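**Q**
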Ligand SMILES: [NH3+]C1CCCCC1
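Residue numbers (the entry's author numbering), protein chains in the order written: chain A, 15 to 62, 204 to 227, 229 to 250, 264 to 303, 305 to 320, 323 to 352, 355 to 394; chain S, 2 to 119, 135 to 147, 150 to 247; chain Y, 10 to 36, 38 to 62; chain B, 7 to 28, 39 to 309, 311 to 340; chain R, 23 to 71, 73 to 83, 85 to 159, 162 to 164, 167 to 171, 173 to 179, 181 to 194, 196 to 198, 200 to 220, 245 to 268, 270 to 273, 276 to 287, 290 to 309.
As structure tokens, this is what we get:
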């Protein structure tokens with residue numbers, strides 16, 4: 015009779031519970047690279204007219220789902237849908266770099282992404298090394315480039333004048349809008367082709383969830 | 002949506018037989034399954050009922066300890082095993098599909114069926145077993163208890179088993195007719211006395227019409243009115 | 010181009026019949043003649059309440 | 007061209023401002049059921065014509081159809097895209113339409129010979145995110161997208177019947193009419209346009225809101241509608257008068273509106289806000305008398322066709338029915 | 023009179039407090055998380071601990089007038105119900121140690137199915153062990174002490191070593209909290249919360265169990284009285302459910 019409808023509802027809630035265990039494990043990430051940025055390059059290395208171009212991967216035995224954006229020029233409304241993602245992931249080519270700073274700052278200090286951390290990727294610094302060496307001067311675009319000085325050790329094997337610009341853009345991004355506590359930048363240097371992108375995401379997300387757990391347990 | 006029943010044969014009394022119903026063409030894992038008996042010279046009768054995920058099972062009071070029911074969702078199949086087959090369990094068994102949610106149509110589809118050779137529940141009766151094509155006809159049914167529930171449902175089902183083929187559904191819960199039936203069947207009642215009205219009459223409406231109740235768990239059928247026209 | 014379509018749409022929407030605000034805001039009246047059939051505005055008694 | 011457009015706009019403003027001629041009490045709507053079972057945030061819901069079944073969508077990618085009276089879960093549909101910003105329920109009850117950030121509207125056939133709710137049609141052709149879709153009939157459906165264009169589709173053909181163009185910002189919601197001839201739809205350009213379904217062209221445009229419109233409803237009369245936007249203000253626009261009526265807003269509310277709905281009598285304008293709470297108003301006087309208290314942003318709102326109850330959804334994964 | 027009121031004061035506080043973890047949680051789906059269930063079951067444990076606690080208030085009349093028949097049952101209940109508290113604290117340290125030392129898989133290996141295993145083990149092993157060893163506790169000549178006036183549980187070297196496993201939770205807690213301190217201190245409070253959580257446990261449990270030294276017996280009822290943990294149980298929710306926002 016009606017009791018069979020109750021049994022059907024219970025058997026549907028059974029499947030809902032078995033799907034809740036999969037919704038908790040997987041970590042959601044939102045990719046918000048720029049137009050010219052190499053976010054297509056970083057999502058191409060995933061072996062480790205539509206809308207969202209979801210990509211599922213797993214660093215070790217942890218499953219991440221990165222939501223890329225397809226044919227969506230304004231993001232003031234479809235961003236709020238990603239309130240529950242573990243982290244944002246910017247991709248920047250470091264002049265179009267100022268637009269990256271502007272929209273990066275605008276993503277920060279929103280109303281719906283107040284509790285979401287950000288992972289920076291500075292893709293294609295392979296061209297930045299040549300830009301620093303040669305003609306193109308960041309002084310015209312940024313007056314404080316000349317005044318800025320390098323002392324965190326960079327990666328050995330490169331000229332001191334080619335790894336001195338990297339820290340300039342890194343600092344500019346990390347003090348763009350992070351320095352207004356619940357969420358902070360995690361700058362990186364993605365270069366052109368490196369296989370450590372997934373690890374830079376896995377350790378980053380582990381740190382993010384560890385900080386979240388410490389905040390709930392009041393360890394901080 | 003098609004169910005093929007397998008089994009049957011010449012079986013000595015006191016034996017054991019496992020009849021099967023292979024379902025294909027629908028989501029068997031989501032549809033409760035009944036078995037309905039039909040004696041060669043009598044009306045229908047309920048046998049057993051198993052829920053969608055086999056979480057609830059009912060058996061007929063006539064035979065309860067000798068009959069067992071089971072389902073296999075991955076294979077989308079149903080099994081009814083009978084032991085110590087008496088002289089009464091030698092009838093036509095139909096495996097019936099029935100899902101239960103609001104607005105649903107239980108007993109919507111009936112299987113082909115296979116033959117076999119050897135109290136306090138609500139009893140449903142009919143005035144007679146007999147009633150020219152082209153004019154409206156009416157069939158009267160009576161129940162020993164009010165089938166109208168507190169929610170509002172009136173658990174009455176009409177089947178109209180036509181000769182030479184398996185039964186189907188005309189109207190479920192008294193009032194709501196089936197999907198594929200022509201829009202010339204109607205049903206009404208007060209809770210114990212029921213009437214089914216057919217406006218037209220064609221070569222397909224000829225047959226025996228049955229009257230089933232679903233209020234209480236035992237599912238007692240009617241006698242069947244044979245309309246020859 | 011884009012300006013011409015907007016101009017045409019504005020011209021089409023400009024020639025639209027309109028009435029007084031008092032007359033258009035008096036049908038309140040639709041609320042007056044349909045209030046009794048509202049279980050939300052007028053609470054349903056606990057004999058026919060569907061979600062009791 | 008620009009001077010002419012400005013002159014036309016000024017003439018329109020003067021014409022729609024030419025004349026300007028001109039208590040329910042505490043509702044205390046008490047929750048009766050609480051349809052728990054959604055695993056993620058609720059985005060949109062839609063009631064049923066029978067006033068018994070309702071459908072809700074979650075960020076998990078789940079479209080769950082509940083039996084409101086008995087709280088049972090009639091159906092559970094897994095969506096192909098986890099990001100769903102709207103859902104619909106057909107007037108005949110045979111179909112449900114879900115639309116979201118995947119720019120594709122999925123039409124699922126509820127009443128089929130099989131025991132699974134399968135997708136009957138995958139309407140594609142929009143560019144921006146889908147934000148509201150509502151059925152006209154089992155044949156034709158009107159959809160609102162984020163690419164500044166609404167659309168009207170024939171389901172069996174799978175192709176656009178008409179395209180409604182003219183909006184500047186991304187269109188967030190649309191509301192039909194009881195007669196289903198004209199439909200209103202609000203967008204991010206702080207304007208709500210009345211469109212004609214048959215001609216596939218804009219009929220009227222209404223402005224006055226400060227920010228983008230995030231939700232629109234339509235009065236049961238057929239000649240009025242209401243909007244909800246991000247500037248924490250709701251406005252009632254007459255349809256046949258092309259004016260602005262009393263504004264439902266309060267100085268104690270700083271968060272915008274996520275959903276709006278009406279009572280069947282039209283005496284109650286219900287508004288699901290962002291501050292974890294849904295408010296009510298007397299639509300003829302705009303007085304907040306009653307509050308429908311969730312633990313997260315109330316994202317969706319619905320009223321049964323008979324006015325029996327009002328269901329509110331929110332990002333706390335819960336959907337509550339109130340009488 | 024003063025001692026009776028002083029001791030009894032913690033019973034009502036315990037009862038009123040666990041109502042919180044029970045009423046905040048079983049009403050709750052705002053707090054249905056696997057972690058909540060451990061606090062829910064421990065609140066039940068300490069609440070039970073309405074039977075023991077009032078009885079031990081009367082027991083300290086330095087005589088057990090309530091009846092020699094109830095003796096073994098009453099004692100078996102305290103051991104079981106406190107071993108139950110400890111073990112619950114041990115599993116709470118375990119789940120908090122897979123939230124701050126393994127935060128990606130925190131949920132996949134801490135969940136309702138694991139929590140039901142952790143609860144059944146905690147309600148089974150203390151119960152079975154105590155009832156088995158209260159009906162095989164012991167050296168009856170020495171028990173003369175137990176035999177003379179009628181009651182209080184006391185043990186002997188044979189069984190005192192087995193009695194004081197319960198104090200394995202202590203090693204788990206210390207390992208877990210030194211790791212948690214190291215990590216949290218490295219990240220940048246952690247120090248205050250950890251210190252209070254470990255100290256509340258230690259200050260109560262350590263002296264009574266250390267004296268329970271007796272088989273190698277100057278411990279009199281006059282001084283063993285205050286050693287008999291109940292105030293620690295009165296305080297466990299407060300540390301483990303109210304200091305952090307779990308309170309609501
Ligand atoms: N008062 C009891 C505490 C736990 C161990 C046995 C004695």
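Just so it is clear, CB atoms sit at the ideal spot from N, CA and C, and this is done for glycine as well.
In its own chain, which residues sit with a C-beta less than 6 angstroms from the C-beta of residue 340(B), not counting the 5 before and 5 after it?
**A** Numbered from 1 along the fourth chain, position 323 holds the residue referred to as residue 340(B). Around residue 340(B): 48, 326.
**Q** Could you spell out the range, first to last residue, of the beta strand (DSSP E) harbouring residue 293(B)?
**A** Stepping through the fourth chain from its first residue, residue 293(B) is reached at position 277. No beta strand (DSSP E) contains residue 293(B), which DSSP labels as neither H nor E.
**Q** In this structure, how does DSSP classify residue 191(R) when only helix, strand and coil are distinguished?
**A** In the fifth chain, counting from the first residue as 1, residue 191(R) sits at position 161. Correct three-state label for residue 191(R): helix.
**Q** Going straight from the alpha carbon of residue 109(B) to that of residue 228(B), what length do you get?
**A** Here the question's residue 109(B) lines up with position 93 in the fourth chain. Here the question's residue 228(B) lines up with position 212 in the fourth chain. Cα to Cα, the separation comes out at about 32 angstroms.
**Q** Report the partner residues of residue 124(B) according to the DSSP bridge assignment.
**A** Walking along the fourth chain from the start, residue 124(B) turns up at place 108. According to DSSP, residue 124(B) bridges with 112(B), 135(B).
**Q** With DSSP collapsed to three states, give me the class of residue 164(R).
**A** To locate residue 164(R), count along the fifth chain from 1; it is residue 138. Coil.
**Q** Evaluate the contact criterion for the region 85-94 of chain S versus the region 376-391 of chain A: three or more CB pairs, one atom per stretch, below 8 angstroms.
**A** The region 85-94 of chain S vs the region 376-391 of chain A: no contact.
**Q** Cβ-heavy atom distance between residue 287(R) and ligand 2 below 7 angstroms?
**A** The ligand content of the structure shown is limited to ligand 1, which means ligand 2 is not among them.
**Q** Buried or exposed: residue 78(S), going by 16 or more other Cβ atoms within 10 Å of its Cβ?
**A** For the purposes of this step, residue 78(S) is taken as residue 77 along the second chain, with counting starting at 1. Residue 78(S) should be labelled buried.
**Q** Buried or exposed: residue 119(B), going by 16 or more other Cβ atoms within 10 Å of its Cβ?
**A** Working through the fourth chain from its first residue, we reach residue 119(B) at position 103. Result: buried.
**Q** Closer than 7 angstroms by beta-carbon distance: list the chain S residues that pair up with residue 22(A), in chain order.
**A** Numbered from its first residue, the first chain carries residue 22(A) at position 8. The answer, in chain order, is 53, 101, 102.
**Q** Determine which residues share a DSSP beta bridge with residue 218(A) and list them.
**A** Working through the first chain from its first residue, we reach residue 218(A) at position 63. Note: residue 218(A) sits in a beta bridge opposite 213(A).
**Q** For residue 162(R), count neighbouring C-beta atoms within 10 Å of its own C-beta (all shown protein chains included) and say buried if the count is 16 or more, exposed if not.
**A** Taking the fifth chain and counting its residues from 1, one reaches residue 162(R) at position 136. Exposed, because fewer than 16 other Cβ atoms sit within 10 Å of the Cβ of residue 162(R).
**Q** Does the region 87-107 of chain R come close enough to the region 144-151 of chain R that 3 or more CB-CB pairs lie under 8 angstroms?
**A** They touch, by the three-pair rule.
**Q** Taking CB distances under 8 angstroms as the criterion, tell me whether residue 124(R) reaches chain A.
**A** Counting from one through the fifth chain, the residue named residue 124(R) turns up at place 100. Yes, its Cβ sits closer than 8 angstroms to a Cβ of chain A.
**Q** Answer yes or no: does any C-beta atom of chain B fall closer than 8 angstroms to that of residue 19(A)?
**A** Counted from its first residue, the first chain places residue 19(A) at position 5. Chain B contact via Cβ: present.
**Q** Could you name the residues of the region 124-149 of chain B whose beta carbon sits closer than 9 angstroms to any beta carbon of chain A, in the order they occur along the chain?
**A** Under the 9 angstroms Cβ criterion, the region 124-149 of chain B contributes 140, 141, 142, 143, 144, 145, 146, 147.
**Q** Please report the straight-line C-alpha distance between residue 115(B) and residue 57(B), rounded to a whole angstrom.
**A** As a position in the fourth chain, residue 115(B) is number 99, starting the count at 1. As a position in the fourth chain, residue 57(B) is number 41, starting the count at 1. Going by the C-alpha atoms only, they are around 15 angstroms apart.
**Q** Are the beta-carbon atoms of residue 142(S) and residue 154(S) separated by less than 8 angstroms?
**A** Translated into positions along the second chain, residue 142(S) becomes position 126. Translated into positions along the second chain, residue 154(S) becomes position 136. Not in contact: residue 142(S) and residue 154(S) (Cβ atoms no closer than 8 angstroms).
**Q** Among 41(R), 257(R), 23(R), 136(R), which has the Cα closest to the Cα of residue 300(R)?
**A** Mapped onto the fifth chain, residue 300(R) falls at position 239. The shortest Cα separation from residue 300(R) among 41(R), 257(R), 23(R), 136(R) belongs to 257(R).
**Q** Name the chain B residues whose beta carbon is nearer than 7 angstroms to that of residue 31(Y)?
**A** As a first step, residue 31(Y) is located in the third chain; it is residue number 22 there, counting from the start. Residues of chain B passing the Cβ test: 27, 28.
**Q** Once DSSP output is grouped into helix, strand and coil, what is the label at residue 177(B)?
**A** As a working mapping, residue 177(B) is identified with position 161 in the fourth chain. Strand.
**Q** What first and last residue would you give for the beta strand (DSSP E) that runs through residue 93(S)?
**A** Looking up residue 93(S) in the second chain gives position 92. Start and end: 93-99.
**Q** If you reduce the DSSP assignment to three classes, tell me which class residue 276(A) lands in.
**A** One-based indexing of the first chain puts residue 276(A) at position 107. In the structure shown, residue 276(A) sits in a helix (DSSP, three-state: H, G or I).
**Q** Thinking C-alpha only, which one of 207(S), 229(S), 137(S) is nearest residue 241(S)?
**A** Position 223 of the second chain, counted from the first residue, corresponds to residue 241(S). Among 207(S), 229(S), 137(S), the Cα nearest to that of residue 241(S) belongs to 229(S).
**Q** Closest to residue 315(B) by C-alpha separation, out of 300(B), 142(B), 273(B), would be which residue?
**A** Taking the fourth chain and counting its residues from 1, one reaches residue 315(B) at position 298. Selected option, being the one with the closest Cα: 273(B).
**Q** Kindly examine ligand 1 and report whether one of its heavy atoms sits closer than 7 angstroms to the Cβ of residue 349(A).
**A** Within the first chain, residue 349(A) is the residue found at index 177, counting from 1. Because no heavy atom of ligand 1 lies under 7 angstroms away, the Cβ of residue 349(A) does not count as near it: no.
**Q** How about the region 74-91 of chain B and the region 47-58 of chain A: do they share at least three Cβ pairs that are nearer than 8 angstroms?
**A** Counting Cβ pairs under 8 angstroms, fewer than three are found: no touch.
**Q** Given a cut-off of 8 angstroms on the beta-carbon distance, is the pair residue 125(B) and residue 111(B) in contact?
**A** For the purposes of this step, residue 125(B) is identified with residue 109 of the fourth chain, where counting begins at 1. For the purposes of this step, residue 111(B) is identified with residue 95 of the fourth chain, where counting begins at 1. Yes, Cβ-Cβ distance for residue 125(B) and residue 111(B) is below 8 angstroms.
**Q** So what does DSSP say about residue 150(S), is it helix, strand or coil?
**A** The count along the second chain starts at 1 and reaches residue 150(S) at position 132. Here residue 150(S) sits in coil by DSSP.
**Q** If you drop the 5 nearest sequence neighbours on each side, which residues of the same chain put their C-beta closer than 7 angstroms to that of residue 96(S)?
**A** To locate residue 96(S), count along the second chain from 1; it is residue 95. So the list reads 4, 6, 22, 34, 36, 79, 112, once near-sequence residues are dropped.
**Q** The alpha helix (DSSP H) that contains residue 204(R), what's its start and end?
**A** Reading the fifth chain from its first residue, position 172 is the one you call residue 204(R). Start and end: 201-219.
**Q** Which first and last residues belong to the beta strand (DSSP E) in which residue 80(B) is found?
**A** As a first step, residue 80(B) must be located in the fourth chain, where it is residue number 64. It spans 78-83 - the beta strand (DSSP E) in which residue 80(B) sits, taken as one unbroken run.
**Q** Does the contact criterion of 3 or more C-beta pairs under 8 angstroms hold for the region 90-110 of chain B versus the region 30-40 of chain R?
**A** No: the two stretches stay apart, fewer than three of their Cβ pairs being nearer than 8 angstroms.
**Q** Hey, would you say residue 165(B) sits closer than 8 angstroms to residue 179(B), going by beta carbons?
**A** Position 149 of the fourth chain holds residue 165(B). Position 163 of the fourth chain holds residue 179(B). Yes, these two residues count as a Cβ contact at 8 angstroms.
**Q** Mark residue 60(A) as exposed unless 16 or more other C-beta atoms lie within 10 angstroms of its C-beta, in which case mark it buried.
**A** Taking the first residue of the first chain as position 1, residue 60(A) is located at position 46. By the 10 Å Cβ count, residue 60(A) comes out exposed.
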